[PDB]
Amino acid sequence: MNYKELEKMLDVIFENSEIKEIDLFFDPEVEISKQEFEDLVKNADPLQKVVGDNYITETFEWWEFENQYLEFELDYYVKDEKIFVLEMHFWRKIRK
């Protein structure tokens, strides 16, 4: 699965506000380049990064409208100059 196919999924998640929550699990892990990862979280606000034993979990958010943000979390690890994505999660949340 190339980053381009992932971008097609992201278009659907971002562009349809009725998607309250979506969870994606990959097996094998999806491989993307350093640039694609920075492109992936382009214009997002980095929230938390947790260096786990086996993988890193990072959270980001994009403002959508009003006080509603699209939150994004992924588990991944780094090897031989590539990012291996275990899973992705998006949820629309209202900030207090």
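Numbers for residues come from their place in the sequence shown, where the first is 1.
**Q** If you average the CA temperature factors over each stretch, which comes out higher, 38-46 or 62-70?
**A** Per the PDB entry, the higher value belongs to 38-46.
**Q** Read off the CA B-factors in the entry, average them over 22-30 and over 50-58, and name the higher stretch.
**A** Per the PDB entry, the higher value belongs to 50-58.
**Q** Test of reading the entry: by CA B factor among the chain's modelled residues, which third contains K8?
**A** Middle third by C-alpha B-factor.
**Q** Going by the entry, which third of its chain does the Cα temperature factor of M88 land in?
**A** As the PDB entry reports it, the C-alpha B-factor of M88 lands in the lowest third of its chain.
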